[PDB]
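Heads up, the chain shows up twice below as structure tokens, two forms, tagged structure 1 and structure 2.
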Structure 1
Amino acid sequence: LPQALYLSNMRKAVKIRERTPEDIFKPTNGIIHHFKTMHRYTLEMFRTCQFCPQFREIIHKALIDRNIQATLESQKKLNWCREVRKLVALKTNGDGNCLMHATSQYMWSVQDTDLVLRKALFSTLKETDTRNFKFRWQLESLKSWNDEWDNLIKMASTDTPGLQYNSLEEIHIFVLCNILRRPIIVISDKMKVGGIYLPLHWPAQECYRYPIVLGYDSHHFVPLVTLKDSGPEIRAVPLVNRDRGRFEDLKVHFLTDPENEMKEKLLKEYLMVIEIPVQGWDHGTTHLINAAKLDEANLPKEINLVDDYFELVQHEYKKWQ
């Protein structure tokens, strides 16, 4: 069983990566270039239950970053809430482009090996209007000096730095979510790239309202995808975590002062927020907390890798019974 969803059908993978550049629109009147359609796709991982455990495991060893899954779960950041669906970390290349590999995988089930997303980011930074991105970043930086913005720009390039590409940071995630017109939520031990990145350069009416969910640990991003057909739990990611006996909101990055004053209203415009009951620290109490709905799997026939990988799996499982 191949070690990556893409590998079940390398031909189709190339076809997927080939569609991506053509789906990018470049308005050329100041507005940021963005995806026309492909940002609306979501991958889900197939179950490995309803299989033997010896076999359930084999699949899990090939596709899943178990090191990062265990770390994030042991710190109570990933899959802490018993009411919601389990998320699973998919293996991602650690070459310095993992932000883009994880994001590309979450939507399209391929990594960014043609550097389409990485180049799109660099393009926007080196070309488009970045006045407001810079203001937001100064404002966030001062909440704790200026060749810094210029080097943040150079970091997004494809230049060799010691990994093969420069590592990316919070502002790059924020720019990326505006290129995708889709929120990105990062689950990490510091939840400082952990937290919620909203496409605030766009009206929420022009954005996809289900997030991309990534995990982050040790300078490495992975996608955290939903596992298919494991109801009855809620298909959402909580927008808070337990922290020292209370619920603490995930950080929302790069807000202006007026945005911050209406943080909850913004989350509710850019995500599908639902208020769900979870168990209290007092076993006699329940609390309502906010969560954002996750998308159902929708990668079409032609560009759905995971159904190809799953078909391989079913074939070898029959042989392995």
Structure 2
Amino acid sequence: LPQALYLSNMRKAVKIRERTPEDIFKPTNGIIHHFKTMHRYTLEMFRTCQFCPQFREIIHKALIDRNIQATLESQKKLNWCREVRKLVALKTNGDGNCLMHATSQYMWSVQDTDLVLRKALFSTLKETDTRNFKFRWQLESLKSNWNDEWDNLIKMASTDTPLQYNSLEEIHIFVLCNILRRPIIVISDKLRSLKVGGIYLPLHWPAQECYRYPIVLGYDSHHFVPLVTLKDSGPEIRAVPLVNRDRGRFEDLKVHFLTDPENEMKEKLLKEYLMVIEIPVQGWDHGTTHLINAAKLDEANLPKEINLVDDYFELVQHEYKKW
């Protein structure tokens, strides 16, 4: 069995990547460049328990970032609702371009190794009006020399060596979700008893022009990974919680870069860009049940012809029949 996902079909990996820059449309009226179609794809991961412990192991060591998985689970941040389907973290290259690799993988099962997503970000930042972005960024910077700092954030987005690439931060995620026209939700390491995490909405587009399922990422130790839904059926539902447990209460995930009126109508705004559902969960006061908001997650839609996970699964079967 291959030691990583991409090794299962290098040829197909390259075909996928070569579709991506041709799916990009660049407007001429100042409108941000964005994907025409591919932003709607979503990967689901197959179930591995149908095998034997030694086999599980090799599958997990190849595909799964078990360190991040375990850290986020042990904080009750990942996979804490009994109602909902398990999410698993996929390994991702830690080269500085990992926000792009994790995002690329969630949708397309390949990493950003041609820098297509990375270049799209630097492009928007370097070669259009970013006034609104800067404004929303200044607001967030003050909730917790403007020109010097803004120039640096743009420079961070380049494909220049400073780790092969400059790491990226919140505003970069925000710009990226607007290039994809698709929300990104980051589940990050962080106990209140003792900033990257949160919800990024494509607010430069009307919600009707956007894909209404999120890309879900994990973040820990300065490293992004996709958190993709495990295939099952069923009866649990595909959703990601929009709040965290905080001891006896709940703390809403941070919604990034909102302007003041937007923040006033935050719940409404969330309900436009995401498919917001209510989920009963056991209370940690005397309560026993509370309803919390969660977003619906997409069902697997990445056609086999562009799905490395399908090919990976099929290698697994072949190698398992031989036991």
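Here the rigid core means the biggest group of C-alpha atoms that line up within 1.5 Å when the two forms are laid on top of each other. Here, a residue number simply tells you its place in the sequence of structure 1, counted from 1.
A.B. asks: Establish whether a shift of 2 Å or more occurs at the C-alpha of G30 between the two structures, with the two forms superposed on the rigid core.
C.D. replies: After core superposition, the displacement of the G30 C-alpha between the two structures stays below 2 Å, so no.
A.B. asks: Aligning on the core only, does the CA of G284 end up 2 angstroms or more away between the two structures?
C.D. replies: Moves: yes, 2 Å or greater.
A.B. asks: Rigid core superposed, I'd like the Cα shift of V14 between the two structures in Å.
C.D. replies: Comparing between the two structures after core fitting, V14 shifts 0.3 Å at its C-alpha.
A.B. asks: Following alignment on the rigid core, what Cα displacement (Å) is computed for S230 between the two structures?
C.D. replies: Its C-alpha shift, to one decimal, is 4.8 Å.
A.B. asks: After aligning on the rigid core, report the distance the C-alpha of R56 travels between the two structures, in angstrom.
C.D. replies: The shift comes out to 2.3 Å.
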